[PDB]
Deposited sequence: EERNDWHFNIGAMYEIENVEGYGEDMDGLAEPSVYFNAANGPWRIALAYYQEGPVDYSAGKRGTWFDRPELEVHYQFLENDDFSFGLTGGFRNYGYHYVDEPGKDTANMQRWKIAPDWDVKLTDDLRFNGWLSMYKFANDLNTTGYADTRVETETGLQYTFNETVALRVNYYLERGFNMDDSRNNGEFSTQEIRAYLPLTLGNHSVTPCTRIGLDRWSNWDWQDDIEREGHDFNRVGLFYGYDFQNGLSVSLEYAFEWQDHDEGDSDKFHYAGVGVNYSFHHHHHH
């Protein structure tokens, strides 16, 4: 069929600093898509501190794609390669993550749709060092009302939960529930998505713990020649000042190149 390829890169920054460069490549033909990525995370002022890398391979299969009903499945693999500095015990660790994730999209109306994905994760190796729960489920699922070709609203429920198959561990065991709202606007070559996340409930073993809000803004531009760029800002908080975990800032820049064959 037609071979569709993308290459791209991104740089993300977080603080209350973390610098996070990443690269990716994906390739698609008929129902099959394969994706490779490399991500790294560590202090802005690398003094210096703990960092890690995150090579990843994902494969996607589209079972069905049409107006009334679409569904597909992702399988993935990550290694998390940790390089500890200043911390009695270890110096490096490797933890793998295995992912199986169905996705779906079903029409309820000419303007209303039900869509989502669900993910099942296993984490293997060096879990004692790294603190993770060995099992995890993640889902974002909900409704999309389309106003017109320019504007759509999406309101999703989001759950992530951590479990331990090894019933003698509570390491990395948490729960998080959110409502997440988006308003993707398409304005010629410009894309703008305002988004919100409202904590419904969260508990974890590091307490985290009550009402956690995020507001953000994605800006995208397509040059109509294969190239596109992205810029995103996000602000997260608990309730500031005393509250408990107050403020967090996120900024990200990306470039994608899209080219085809056949």
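Unmodelled segments of the deposited chain, in sequence order: 1-3, 20-27, 58-60, 222-228, 284-286.
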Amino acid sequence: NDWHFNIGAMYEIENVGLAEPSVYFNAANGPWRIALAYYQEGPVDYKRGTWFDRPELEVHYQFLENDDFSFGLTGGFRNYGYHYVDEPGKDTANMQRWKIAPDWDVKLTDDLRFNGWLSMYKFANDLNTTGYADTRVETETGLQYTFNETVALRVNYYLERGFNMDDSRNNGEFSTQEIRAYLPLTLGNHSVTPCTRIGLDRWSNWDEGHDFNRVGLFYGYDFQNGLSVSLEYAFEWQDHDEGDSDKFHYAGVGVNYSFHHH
From here on, numbers count along this sequence of modelled residues.
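When the mean C-alpha temperature factors of 5-13 and 244-252 are read from the deposited coordinates, 244-252 comes out higher. Here 182-190 and 168-176 are compared by their mean Cα B-factor, and 168-176 comes out higher. Highest CA B-factor among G220, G30, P55, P43, as stated in the entry: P43. The PDB entry gives the largest Cα B-factor of the residues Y39, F63, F69, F212 to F212. Among the modelled residues of its chain, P88 has a C-alpha B-factor that falls in the highest third, as given in the PDB entry. In the PDB entry, a CA B factor belonging to the lowest third of its chain's modelled residues is recorded for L153. In this PDB entry, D126 carries a Cα temperature factor that places it within the highest third of its chain's modelled residues. Ranked against the other modelled residues of its chain, the C-alpha B-factor of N205 as given in the entry falls in the highest third. Per the deposited record, the Cα B-factor of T196 falls in the middle third when ranked against the other modelled residues of its chain.
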